[PDB]
Structure formats: structure tokens, C-alpha cells
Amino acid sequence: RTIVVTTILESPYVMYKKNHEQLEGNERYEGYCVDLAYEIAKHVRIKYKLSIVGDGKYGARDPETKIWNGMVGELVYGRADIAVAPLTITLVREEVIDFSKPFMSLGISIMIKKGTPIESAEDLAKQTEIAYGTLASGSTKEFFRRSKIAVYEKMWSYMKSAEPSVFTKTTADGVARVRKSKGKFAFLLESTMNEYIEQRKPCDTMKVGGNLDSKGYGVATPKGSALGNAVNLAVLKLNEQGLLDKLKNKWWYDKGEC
């Protein structure tokens, strides 16, 4: 049986090769998560087909409908066998799918254009001339919506009502907005994407300060999957043999431009 592995387009995790229309199946993708999926499949000893999540979403549960969407929905409801992506391990998700141990560690962080006079979340919260916001959905925005920490409530209260809306739909847009705002827009995103962008050629962005929390990305399987054990053990093996670190360096630093 060919395992259906669901993923999502996000640099440098999963990307279309330049000639992808002249290629087929797995070959048309490249990235960190493409290499991981391959490694995982090797050690789990399985055939797999990569497939892009139909609705292009990570996974959230509808307030009223209460149905899960995205990659999480595809795992829960029988569309896919495993998800390999920058899917943040969170309580709400783990309640309905299983996550392997983290294959990558991360935290919420601040991206600014070099020269911007802010150096921490407090600096942002005590001012207004510099706008800031998160992705329009995902674990980062949820982190802010739920926080009861003084500076983060305040940042949430501000973000909610700010318009022009501070929320953007993609990482590409948050970044493009940082670069084009002449130091008037920050951008809160996962430290991993921050570090990636840092090495991208205009070299005019930078992470500032420390992370706001400590998370990880995990490989996901439907709860009770006969694959869950093998997948988790493969991730650990790949970690201990240092291959996860080599893939991070390859996609983040060897290919960096700054």
C-alpha cells in the first residue's frame, strides 16, 4: 500500500522545483520536509506519495462546526496516513492526532527590518508608531489570543483592533510587509522561518531578542495509527545520527545568501 503523506507549501520545508510541471510524483517537490519524508519512509520501510493538503491549511477546529480542517482534518478523517510539515505541536491538535517527538525546535520571535528601534516584545507593546502582527491564523496568533501575561494581553488587544489589519495570510506577505514598511512593521513568527528569512537575499531582516515560548514541529499520524511507533522511532534515529541537524544546515545555512 502506498502511504499518503500530506504536506503543505512553505519555504524551505516544501517547495515546487522550477521544472515541476515537467516532472511527476514526489520528484516535483524539494525542501527540508521532502528530505525528511523520504528518510522517514526509508526507515519505516514504506512506499509513499506526497500530496498537498486540499484546503491549503495546517489544522484548526471550527468554533461552531467543530470539524477539523487542513492537514489535521485529513489525518482525523481518513484522507492521509501521515503529515510531514512545519506543524506546530499543540495540545488541541494532539487531542485528535498523534505527534512524533519534535524533529525541530522553535519559538515565537520578532522579525524586523534592520535599523528598527525595537529589541523586545515590551518595546513593541509600549509604542504605536511601529505596527506589528502575526499570521492570520495558526498557533502564533492563538498564543497571543490566550495569553494572560501582561505584555502579551496588551499586544493581543492592540493586534485585534489595529487596521490596516496587522494580520497577513502567508509568511511571504508578512515578510514583504516588513521590507516595504521602512521599519514601521515588525512581524511575529516562528523562530525557524525568521532564521530562514534572515539568510535570504536582501539581507535586510533580522530576528531581535529571544523567543516568546518553546515549541516543536512534529510528524503527525491519525490517533492509533499502526505507523505511529515506527515513525517516532525513525525521527529519534535521525536525530541521534545527526541527520536532522544536517538537513537544517543544508536548507537554512549552506543555501543561505547573507
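For every residue, the number given is its place in the sequence shown, counted from 1.
Mean CA temperature factor from the deposited coordinates, higher in 161-169 or in 85-93? According to the PDB entry, the answer is 161-169.
Mean C-alpha B factor from the entry: is it higher for 117-125 or for 69-77? Averaging CA B-factors over each stretch, the winner is 117-125.
Residue, from 209, 218, 228, 31, that the PDB entry assigns the highest Cα B-factor: Out of 209, 218, 228, 31, the record gives the largest C-alpha B-factor to 209.
Sort the modelled residues of this chain by their C-alpha B factor and say whether residue 39 lands in the lowest, middle or highest third. Middle third of the chain for residue 39's C-alpha B-factor.
Using the B-factor values recorded in the entry, state whether the Cα atom of residue 135 falls in the lowest, middle or highest third among the modelled residues of its chain. For residue 135, whose C-alpha B-factor we compare with every modelled residue in the chain, the answer is the middle third.
Taking the C-alpha B-factors as the PDB entry records them, is residue 46 in the lowest, middle or highest third of its chain? It belongs to the lowest third of the chain when residues are ordered by C-alpha B-factor.
Lowest, middle or highest third - CA B-factor, residue 111: Within its chain, residue 111 is a lowest-third residue by C-alpha B-factor, going by the deposited values.
Lowest, middle or highest third - CA B-factor, residue 214: Middle third, going by the recorded CA B-factors of the chain.
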